[PDB]
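**Q** Sequence first, structure after, both from an experimental entry:
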Amino acid sequence: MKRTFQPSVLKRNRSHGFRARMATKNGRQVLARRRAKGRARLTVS
Amino acid sequence: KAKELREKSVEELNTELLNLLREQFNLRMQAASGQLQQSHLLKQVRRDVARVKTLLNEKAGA
Amino acid sequence: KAXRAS
Amino acid sequence: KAXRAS
Amino acid sequence: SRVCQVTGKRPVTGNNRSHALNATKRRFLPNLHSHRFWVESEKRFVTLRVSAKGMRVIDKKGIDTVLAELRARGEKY
Amino acid sequence: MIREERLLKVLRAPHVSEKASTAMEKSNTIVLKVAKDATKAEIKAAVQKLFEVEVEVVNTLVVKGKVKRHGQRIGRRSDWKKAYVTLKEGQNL
Amino acid sequence: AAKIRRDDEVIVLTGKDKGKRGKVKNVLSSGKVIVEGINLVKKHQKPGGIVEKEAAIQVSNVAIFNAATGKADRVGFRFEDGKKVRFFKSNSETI
RNA sequence: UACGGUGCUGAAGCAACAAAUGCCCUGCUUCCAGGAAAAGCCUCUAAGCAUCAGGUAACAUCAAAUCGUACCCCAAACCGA
RNA sequence: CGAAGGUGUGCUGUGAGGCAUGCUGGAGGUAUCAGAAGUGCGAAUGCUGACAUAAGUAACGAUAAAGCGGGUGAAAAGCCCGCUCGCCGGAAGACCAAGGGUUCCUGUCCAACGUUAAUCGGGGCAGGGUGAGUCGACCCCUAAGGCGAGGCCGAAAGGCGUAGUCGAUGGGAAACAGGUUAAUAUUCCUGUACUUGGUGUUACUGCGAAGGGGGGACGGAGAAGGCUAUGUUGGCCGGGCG
RNA sequence: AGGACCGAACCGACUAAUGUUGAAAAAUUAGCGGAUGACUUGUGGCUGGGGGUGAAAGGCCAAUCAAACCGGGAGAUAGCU
RNA sequence: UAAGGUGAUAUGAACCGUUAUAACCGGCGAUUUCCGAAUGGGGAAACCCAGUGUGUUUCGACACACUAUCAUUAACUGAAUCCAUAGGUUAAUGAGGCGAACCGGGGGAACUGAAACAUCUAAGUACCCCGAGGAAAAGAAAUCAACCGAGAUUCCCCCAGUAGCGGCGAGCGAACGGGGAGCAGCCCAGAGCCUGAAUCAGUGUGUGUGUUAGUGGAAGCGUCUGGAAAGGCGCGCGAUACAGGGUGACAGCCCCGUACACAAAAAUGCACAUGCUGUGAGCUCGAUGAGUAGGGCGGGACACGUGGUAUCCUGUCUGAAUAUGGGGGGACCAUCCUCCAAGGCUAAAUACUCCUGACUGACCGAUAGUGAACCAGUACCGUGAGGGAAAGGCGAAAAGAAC
Ligand SMILES: [K+]
Ligand SMILES: [K+]
Ligand SMILES: [K+]
Ligand SMILES: [K+]
Ligand SMILES: [K+]
Ligand SMILES: [K+]
Ligand SMILES: [K+]
Ligand SMILES: [K+]
Ligand SMILES: [K+]
Ligand SMILES: [K+]
Ligand SMILES: [K+]
Ligand SMILES: [K+]
Ligand SMILES: [K+]
Ligand SMILES: [K+]
Ligand SMILES: [K+]
Ligand SMILES: [K+]
Ligand SMILES: [K+]
Ligand SMILES: [K+]
Ligand SMILES: [K+]
Ligand SMILES: [Mg+2]
Ligand SMILES: [Mg+2]
Ligand SMILES: [Mg+2]
Ligand SMILES: [Mg+2]
Ligand SMILES: [Mg+2]
Ligand SMILES: [Mg+2]
Ligand SMILES: [Mg+2]
Ligand SMILES: [Mg+2]
Ligand SMILES: [Mg+2]
Ligand SMILES: [Mg+2]
Ligand SMILES: [Mg+2]
Ligand SMILES: [Mg+2]
Ligand SMILES: [Mg+2]
Ligand SMILES: [Mg+2]
Ligand SMILES: [Mg+2]
Ligand SMILES: [Mg+2]
Ligand SMILES: [Mg+2]
Ligand SMILES: [Mg+2]
Ligand SMILES: [Mg+2]
Ligand SMILES: [Mg+2]
Ligand SMILES: [Mg+2]
Ligand SMILES: [Mg+2]
Ligand SMILES: [Mg+2]
Ligand SMILES: [Mg+2]
Ligand SMILES: [Mg+2]
Ligand SMILES: [Mg+2]
Ligand SMILES: [Mg+2]
Ligand SMILES: [Mg+2]
Ligand SMILES: [Mg+2]
Ligand SMILES: [Mg+2]
Ligand SMILES: [Mg+2]
Ligand SMILES: [Mg+2]
Ligand SMILES: [Mg+2]
Ligand SMILES: [Mg+2]
Ligand SMILES: [Mg+2]
Ligand SMILES: [Mg+2]
Ligand SMILES: [Mg+2]
Ligand SMILES: [Mg+2]
Ligand SMILES: [Mg+2]
Ligand SMILES: [Mg+2]
Ligand SMILES: [Mg+2]
Ligand SMILES: [Mg+2]
Ligand SMILES: [Mg+2]
Ligand SMILES: [Mg+2]
Ligand SMILES: [Mg+2]
Ligand SMILES: [Mg+2]
Ligand SMILES: [Mg+2]
Ligand SMILES: [Mg+2]
Ligand SMILES: [Mg+2]
Ligand SMILES: [Mg+2]
Ligand SMILES: [Mg+2]
Ligand SMILES: [Mg+2]
Ligand SMILES: [Mg+2]
């Protein structure tokens, strides 16, 4: 049966990548929150 | 050793750089070949290159 | 580049 | 070549 | 934005109040109109987005005084 | 013309292996570890200057470093560039 | 400055070797010293054998031996000729 | 022959018939529901250049970097703990 | 010359408790009278960890299927080699994209992992291995769509959009056969090619774009002819005489 | 010619049995429907939560849907256990 | 500053150093890839691709610098369109992004409470957004008071759960006045005279005084138990040092410190003294903030829910007097008192702690205390936002068990 996760690196990066996050103020707030939490991996990039 | 290099000119320092880089290349080949017994020479030449390049920048002015 | 869309 | 710094 | 260029009148918020005193949020907009003002000094029409109140200010003060005020704020025409 | 300072940095080590040994004996090809940003033109220039041999052609590949574990702690070795430098016929290093 | 240094004749204040004397062979940044003949351990060395060797002793468990008085002394610091010297506290003599 | 494989030597090497869903075919015929774009490419001149630049062809010569390239891939390596 | 804690034992108070002491433990403990509370647990389908029970029970994942000899080994139903058998064969073969990322090859090891054993492994460990002008990416070009200088709009945040600029799943130059590694190959080697661009020279010369035009450049269905891949048979050549 | 016919691939899911601490949080086996179309499929794109999308079942919107998920208001409130 | 040293797991190797270029510590420099505001263009972050100018070459190439956007100003240029303007290019300067709280502003819930619920509450809270500073904001009376007076703002304690507000329910909740902290006043709306005199800013030289490394720093032995003494016992000694830590059990005197006394080549905070460059003090003469105050309509804010509702703000429509005048004194009027709006600046008392140092705790002691004593915002889970663990202790010494 076809499950929900069908990986595409292009779609991954376009959906959730660093530059997608930087493109909007809300995406930049994600990065701010993840930096403040001290995440080793800020994004899927 | 910076005492000695400080008394050299720019062109004298530039030839010393190329001489150290050539030695650094030769040591790197020996060390890679398992022929360099004296591992400490790699650090010596590396720090000597740094010293010469520091003085070259001091001669040209910050 | 442009009214076609580029 | 060296853009790294040489 | 709905901002008078002369006065700086902008949308303000408040309540609609029903007979039963139900408060629903509303806005009060300025009575804004794009109007071409004759400036005899420059020998030109200047279009300003102006509240009706701002037009009475221009009538009272004169367009040259008002435009000088806009230049000091760095508000463009 | 590449500067000699650059040429003295690009060649890192001779690569020792059965394949490298076979490359030298059969095809007159030395295998070198080279700086990761070394181009074919720089490697050619460096080999001709420093080893004093005529180079025919340089082939290059990037070796991706292996993921390894040191005491159930995960690590990755560095990527490095390998150069197959084919010397002109009769040069003999 | 360090009161106990390499080559000093020390006397052991504390432990199994209390009272014994030896020369300080090395001074470790741990705050411990290897004194020759002192604090001997029998290491079971792999190929290799059972080897008697000096284990490091705490530096505060040895004292500078004042050979004149023939006893453990304490060290102090003086300046003499614009240079810091050690002196024995008891007799006030430069070491 | 170190029984895994190495080194050497090497004949004939044609015809007929059948034959694609592949090729001719971005074709042809026919239909209505009427079937991308832009560049490369070819050509035209403009301002400008005007015994040059530039074009064209011939020859010579140099250059063509960088990154990917292992392996699985209807699956024990991907999506399903 | 043995603290707390742990574990016995004895004594003791109406009770919560208390005292003493053997052993363990190996460095803390704390009277009294006051003072303060994270102050007392069996329940909350409480929370975390540990460990039971069912139970050595069910199950060991397609009913394509094994048998034997030899090898290696501490040990072989399972590994290696051999013979036989069976199963797939528009696939259960082969090559890829996507995705994964060393799983590849070699040596070595068998704790754990592998639903069993394991000498074997996609497992551990170490070393090796990916070679390009022509394959692909990058690159030129655009689609849907995205972003978008100015701009228009919007309490703010922002929204939309012009020039632009991105964006393949589409358009745009060129390499083939043979050989080869344990592991790469249209990449290495051999043989034989091809493409685009830069210089230089020779000859002849209207060159010149952000502009014009052409072209690129396009549907469904159907039909038939001509072909090749490919197959079959003969001929040929080598071997055979059961 | 055809939302034409029979029938593989491909798309689907009518019946039955099995399975129901599964081989599988929807399958397997035997049959079954469509199979040039209102078909099917790859890659990429767009629509966002009282919102989308819906040949309409309150279906679907990441195993979640009469108002997704995550974080926050937050120790909501709980005359109940 | 030094007799040791080349960071950790973590040995080893090869070295370096011992009286001063080993190492280490501090000041100031140098170097400082790529991504990221990311800024030469692009982009699936850590990559791809340029232009331009200089310089260099072995003509294959190489090196270096610059090239974002916006704002402001300047220069030059330049449409329709004649002037002109828009527009264009170039230069200089600034901005941009990040950051825990505190602060000001623009927007702004609901659960909940009211034993239902709509007014009301929750609450101008949560949250979103913008902007700032070391604090912010506020601030020098068109203020109160009550016929006596006070004298800017802010903060604390009272006043007082009072007066009031309130489906007069639930709830909400002042002020006057008093006691304190801290105190500070000014400038423009304009000329003239006299001159640059007052006072803070800026940028230097000194001067002290902090900070960023450091230096010296007292005094104990014997014996007993023990693996070990710091314990017991005996006899001493220092104390402006008996804070604290370490050492083979509990150490004033073994070590590191502690009290105390000293220290800076260099950079820099601060407080002053003194140049330079802006800056203008003082006096006389004035002047005295208009689409404003006020009004009508709609809202909002005031403890105050439209109420008899003063006062403030203004979306909308209007609209004075301007010192012979105007505002306020809780409907309103008269009288009296008091103040002077429609311009602006201003320290301190106040708020906060991402961060640095020291010190403290009837705070925790590994299921506690941070989620995290440990390589934890990790492993792991999730497309993603996001969620999010478990896991400390040999010994005094590895003497970590040769054979
Ligand atoms: K390959
Ligand atoms: K693949
Ligand atoms: K006990
Ligand atoms: K007590
Ligand atoms: K329980
Ligand atoms: K059991
Ligand atoms: K078995
Ligand atoms: K290529
Ligand atoms: K490229
Ligand atoms: K026969
Ligand atoms: K919803
Ligand atoms: K409510
Ligand atoms: K209720
Ligand atoms: K004693
Ligand atoms: K000691
Ligand atoms: K002590
Ligand atoms: K008014
Ligand atoms: K009055
Ligand atoms: K925890
Ligand atoms: Mg080649
Ligand atoms: Mg390559
Ligand atoms: Mg067909
Ligand atoms: Mg391959
Ligand atoms: Mg309790
Ligand atoms: Mg219990
Ligand atoms: Mg109970
Ligand atoms: Mg159980
Ligand atoms: Mg059994
Ligand atoms: Mg049973
Ligand atoms: Mg049974
Ligand atoms: Mg069974
Ligand atoms: Mg099986
Ligand atoms: Mg076994
Ligand atoms: Mg067998
Ligand atoms: Mg079997
Ligand atoms: Mg077999
Ligand atoms: Mg592996
Ligand atoms: Mg394998
Ligand atoms: Mg097993
Ligand atoms: Mg393996
Ligand atoms: Mg847009
Ligand atoms: Mg493009
Ligand atoms: Mg494509
Ligand atoms: Mg292969
Ligand atoms: Mg044929
Ligand atoms: Mg049909
Ligand atoms: Mg269906
Ligand atoms: Mg079926
Ligand atoms: Mg039918
Ligand atoms: Mg059919
Ligand atoms: Mg229904
Ligand atoms: Mg679902
Ligand atoms: Mg709802
Ligand atoms: Mg709440
Ligand atoms: Mg609750
Ligand atoms: Mg950019
Ligand atoms: Mg850039
Ligand atoms: Mg800023
Ligand atoms: Mg209620
Ligand atoms: Mg202020
Ligand atoms: Mg009075
Ligand atoms: Mg000292
Ligand atoms: Mg002392
Ligand atoms: Mg002990
Ligand atoms: Mg006034
Ligand atoms: Mg008033
Ligand atoms: Mg008014
Ligand atoms: Mg009124
Ligand atoms: Mg109101
Ligand atoms: Mg009044
Ligand atoms: Mg914890
Ligand atoms: Mg414990």
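**A** Cool, got the structure. Residues are numbered from 1 along each chain as shown, chains lettered A, B, ... in the order given. Ligands and ions are numbered 1, 2, ... in the order given.

**Q** Report how many residues lie close to the residue lying closest to residue B:31 once chain neighbours are set aside.
**A** Once its chain neighbours are removed from consideration, residue B:31 has its nearest residue in residue B:42; the separation is 6.3 Å (Cβ to Cβ, 6 or more residues apart in numbering or on different chains). For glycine as for every other residue, the C-beta is placed from the backbone atoms N, C-alpha and C. Summarising burial for residue B:42: neighbours were counted as other Cβ atoms under 10 Å in any protein chain shown, giving 15.

**Q** give the contact list for residue B:42.
**A** Taking Cβ atoms under 8 Å, 6 or more residues apart in numbering or on different chains, we find residue B:42 in contact with B:24, B:27-28, B:31, B:36.

**Q** Wasn't it part of a helix?
**A** Yes. When DSSP: H, G, I helix; E, B strand; the rest coil is applied, residue B:42 is found to be in a helix.

**Q** end-to-end on stretch F:54-69?
**A** 42 Å (Cα to Cα, to the nearest Å).

**Q** That one: which residues count as buried?
**A** Taking 16 or more other Cβ atoms under 10 Å in any protein chain shown as the basis for neighbour counts, the residues of stretch F:54-69 that come out buried are F:55, F:58.

**Q** can you tell if that stretch touches RNA strand I?
**A** Yes. Figure legend: stretch F:54-69 in contact with RNA strand I (Cβ under 7 Å from any atom of the strand); contacting residues F:57, F:59-61, F:63-64, F:66-69.

**Q** can you check stretch A:11-27 too?
**A** Yes. On the criterion Cβ under 7 Å from any atom of the strand, stretch A:11-27 is in touch with RNA strand I at A:23-25.

**Q** Against chain D, how distant is the residue nearest to residue B:31?
**A** According to Cβ to the nearest Cβ, to the nearest Å, residue B:42 stands 18 Å off from chain D.

**Q** With residue G:23 instead?
**A** Looking at residue G:23 against chain D, where the rule is Cβ to the nearest Cβ, the gap reads 51 Å.

**Q** Name the residues linked to that residue by a beta bridge.
**A** residue G:9 (DSSP bridges).

**Q** name the helices or strands packed onto the lengthiest helix in chain A?
**A** Ranked by residue count under DSSP state H, the longest helix found in chain A is helix A:25-37. In terms of contacts (3 or more Cβ pairs under 8 Å, 6 or more residues apart in numbering or on different chains; DSSP states H and E), helix A:25-37 is packed against helix A:18-22.

**Q** And the helix it packs on, what's buried?
**A** If you call a residue buried by 16+ other Cβ under 10 Å, then helix A:18-22 has these buried ones: A:20-21.

**Q** Show residues contacting it.
**A** With Cβ under 8 Å, 6+ apart as the criterion, helix A:18-22 contacts A:13-14, A:27-28, A:30-31, A:42-43, A:45.

**Q** quick one: the longest helix of chain A near RNA strand J?
**A** No. Counting by Cβ under 7 Å from any atom of the strand, RNA strand J is not contacted by helix A:25-37; separation bottoms out at 8.6 Å.

**Q** just the buried members of the contacts of helix A:18-22?
**A** With neighbours counted using 16+ other Cβ under 10 Å, the contacts of helix A:18-22 contain these buried positions: A:27, A:30, A:43.
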